[PDB]
Each structure stands twice: as structure tokens, then as C-alpha cells.
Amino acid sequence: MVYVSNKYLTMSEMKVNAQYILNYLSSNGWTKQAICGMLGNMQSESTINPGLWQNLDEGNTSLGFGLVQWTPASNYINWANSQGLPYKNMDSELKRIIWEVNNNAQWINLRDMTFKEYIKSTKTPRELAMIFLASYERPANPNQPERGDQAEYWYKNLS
């Protein structure tokens, strides 16, 4: 059970999605700290909603889409089609993230941490949230300390 929609999720809805993500990425070698660092970013990006378009502008493929707001959406969407995967889908997006780790895509090492180091890291979810913000997400506004608060909130409240 996951929520997939073009709608901002409530804290209760997010917790359902966040536990799912934690389970899935644990099976693929990520630390709970690394996952929670990423979840803190996903909350700001999309309220951890794989169905969410930037500004809720459904179908605008020039802008952000999905858990981490892949931008332009079309690059992710093109990737899913080439893989035979449905784009609007939790597992498809989690597969994209694994593919990015494996092929050194998206990540730019601005904090002396590679993506492969990141997923194995036991630094705090706050520190990891900030590294992931700077290295992976790189939004127009870099000042989003809330992302570290949120990472810690998920680390405490998920299993």
C-alpha cells in the first residue's frame, strides 16, 4: 500500500510511503541513516509522493516529477519507457535511484562524498540530508535546513 497522486500528502500519508521506501532500499544495501537523509529531501521535494508534479502541474514534462522531483521529468520518463517500466510508480522511481547509484548519474560530489559512500554512511540523518540536498537535489534555494529536521523525524518515527 502506497499513495501515488498529484496532491500534497499529509504526515500520516507520508509515513506510509516512507516506511515502504525504507524497506525497499534496505534490501538493496542502503543504511537507515542514508535512507532517512534522502527521505528528508523527498518530503520537501514531493511530500514523498511518487505521483507528484512540480506545482501540481500535471503533465508538464519540462519540470519536476516524482519522489525527488526529477527535472525535466521527461528524462526520468524516457528512462522508464526504455526499461519497460511504468513511470508513475513507486518501484519504478526507486529503481531509477538504484540505477543512478550504479551508473554515477545525478550526483555531483560537492561535499567530498560519492553516491556510493553516501548509501553506506552512518553519519546522522541530518548531515546526510544536507549532503544529499547539496549533491543530488541542488534546488534553486540551497537554504532548506528543514530537510535535516525531517530526516531526523523519519529516523525516529519509522522502523
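When you see a residue number, it is the position in the sequence shown, counting from 1.
Per the deposited record, the Cα B-factor of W107 falls in the middle third when ranked against the other modelled residues of its chain. In the PDB entry, a CA B factor belonging to the middle third of its chain's modelled residues is recorded for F115. Sorting the modelled residues of the chain by their CA temperature factor places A18 in the middle third. In the PDB entry, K123 places in the highest third of its chain by CA B-factor.
When the CA B factors of the chain's modelled residues are split into thirds, the value for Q54 lands in the lowest one.
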